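S.K.:
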Amino acid sequence: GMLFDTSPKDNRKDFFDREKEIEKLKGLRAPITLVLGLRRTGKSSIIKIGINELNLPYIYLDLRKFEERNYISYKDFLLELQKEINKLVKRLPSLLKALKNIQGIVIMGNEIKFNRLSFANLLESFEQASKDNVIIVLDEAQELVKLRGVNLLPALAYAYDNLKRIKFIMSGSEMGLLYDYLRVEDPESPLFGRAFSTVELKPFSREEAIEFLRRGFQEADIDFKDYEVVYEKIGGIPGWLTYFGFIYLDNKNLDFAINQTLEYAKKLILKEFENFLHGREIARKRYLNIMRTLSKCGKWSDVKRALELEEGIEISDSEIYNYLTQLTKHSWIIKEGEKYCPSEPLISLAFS
Ligand SMILES: Nc1ncnc2c1ncn2[C@@H]1O[C@H](COP(=O)(O)OP(=O)(O)O)[C@@H](O)[C@H]1O
Ligand SMILES: [Mg+2]
């Protein structure tokens, strides 16, 4: 690969720095490791790099495939787990034997089929089958909020307290929703009071962004001069800088590569906003209004004024609070003081 491959990296040789973050992740320093960061900050990348370098058995649940749904069924969750387990038995010969006595499992012949299941007994059997730590990756774990008919928390707590060879890695692009999922705020919840080893990926600063591009161009062996305009136009999100780098290498026209990145970002961001608006069709026009209003940032008064201007009616403070709270939980905006801002520059652009 190369530094500007437009897919999550799986090798450190293709990945710019984040050395402290990868090393912390790899430390598996508590039974649960949280990987945080906005979309496109490299979370799936460091997880892949981390598990490749550790050379430990693992189950990888890519939950992004549920992002366009409002609900995940027990059946659809089990089919994903089933697929991963089948990869794991190939690495853990004695697992197929250890899964034989699980109530809802059927074996035929070097594979399993589920025919509810005890997630805690399942995890315990991975641990029985392995001399080494087994990593359970829940990539975009906050998606499990949508898995309404299953509560995995007691099983996660059981593992945390009792399964010493089970190490979870849970990532989330929507920080508040991830914490809400794990019920960190609820004293009676199974994971309350338990510490998570936490790694956060922030957007590149100006100097990091410039160094990232510099490194990828030096590696392609091509000249580049305009690093500052690229940062000014694209911003610090690694994923967008990566795409730009790829396009510029492919075409060598600065304005074309910037415009193509901007147009790709806008399309992707607005599709992701549609995922957000799924199940909120009642408040849909209002959310669009809020984001346009907050594009160049604004205060509560600006949000209120713009909503009431569009609809004519007075709008309560309860409704307003709920709309901004949802946007903040899902990482669309961030509140600085009395100022709410899109969480990165191209989200401003997308609603401009
Ligand atoms: N430090 C980095 N070095 C090289 N590429 C990166 C880096 N950070 C992110 N990327 C690239 O940016 C894109 C988004 O990364 P990804 O791991 O999917 O982010 P997340 O899972 O946080 O949304 C991918 O193309 C990835 O290869
Ligand atoms: Mg990801």
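So the sequence shown is residues 0 to 114, 120 to 356, counted in the entry's author numbering. Beta carbons: idealized from backbone N, C-alpha and C, even for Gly.
Ordered along the chain, which non-local residues of its own chain (more than five positions away) have a Cβ less than 6 Å from that of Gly0?
M.R.: These residues qualify, in order along the chain: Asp13.
S.K.: Buried or exposed: which applies to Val234, given that a residue is buried once 16 or more other Cβ atoms fall within 10 Å of its Cβ?
M.R.: Classification of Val234: buried, given that the 10 Å Cβ count is 16 or more.
S.K.: Please look up how many angstroms separate the CB atoms of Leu167 and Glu131, rounded, as I've assumed it's under 8 Å.
M.R.: 5 Å between Cβ atoms; contact.
S.K.: Please report the straight-line C-alpha distance between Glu192 and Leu24, rounded to a whole angstrom.
M.R.: Approximately 28 Å, taken between the alpha carbons.
S.K.: With a 10 Å radius around its C-beta and 16 neighbouring C-beta atoms as the bar for buried, classify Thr40 as buried or exposed.
M.R.: Label assigned to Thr40: buried.
S.K.: Could you please give me the residues that DSSP links to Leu142 through a beta bridge?
M.R.: Per DSSP, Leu60, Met174.
S.K.: So, do the stretch 233 to 249 and the stretch 58 to 67 have three or more beta carbon pairs nearer to each other than 8 Å?
M.R.: As far as the Cβ criterion goes, the stretch 233 to 249 does not touch the stretch 58 to 67, which means the pair count is below three.
S.K.: Across which residues does DSSP place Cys301 in a beta bridge pair?
M.R.: Paired residue(s): none; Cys301 is not in a bridge.
S.K.: For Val105, report the span of its beta strand (DSSP E) as first-last.
M.R.: Residues 104 to 106.
S.K.: Less than 7 Å between the CB of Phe14 and some heavy atom of ligand 1, yes or no?
M.R.: Yes - ligand 1 has a heavy atom lying nearer than 7 Å to the Cβ of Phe14.
S.K.: Short check: CB of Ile170 to CB of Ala159, under 8 Å?
M.R.: Contact flag unset, no.
S.K.: Spatial neighbours of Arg290 within its chain, please: C-beta separation below 7 Å, excluding the five flanking residues on both sides.
M.R.: Hits under 7 Å: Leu311, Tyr327.
S.K.: For the stretch 62 to 94, list the alpha helix (DSSP H) runs that are entirely contained and at least 4 residues long, ordered along the chain.
M.R.: The qualifying runs are 73 to 90.
S.K.: Ligand 1 and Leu272: does the residue's C-beta get closer than 7 Å to at least one heavy atom of that ligand?
M.R.: No.
S.K.: For ligand 1, any of its heavy atoms closer than 7 Å to the Cβ of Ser322?
M.R.: No, Cβ of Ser322 sits at least 7 Å from all heavy atoms of ligand 1.
S.K.: On the three-state DSSP scale, how would you describe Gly283?
M.R.: DSSP places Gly283 in coil when its eight states are reduced to three.
S.K.: Taking the alpha carbon of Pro207 as the reference point, which residue from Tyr231, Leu94, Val105, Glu348 has its own alpha carbon closest?
M.R.: Comparing Cα positions, the closest option is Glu348.
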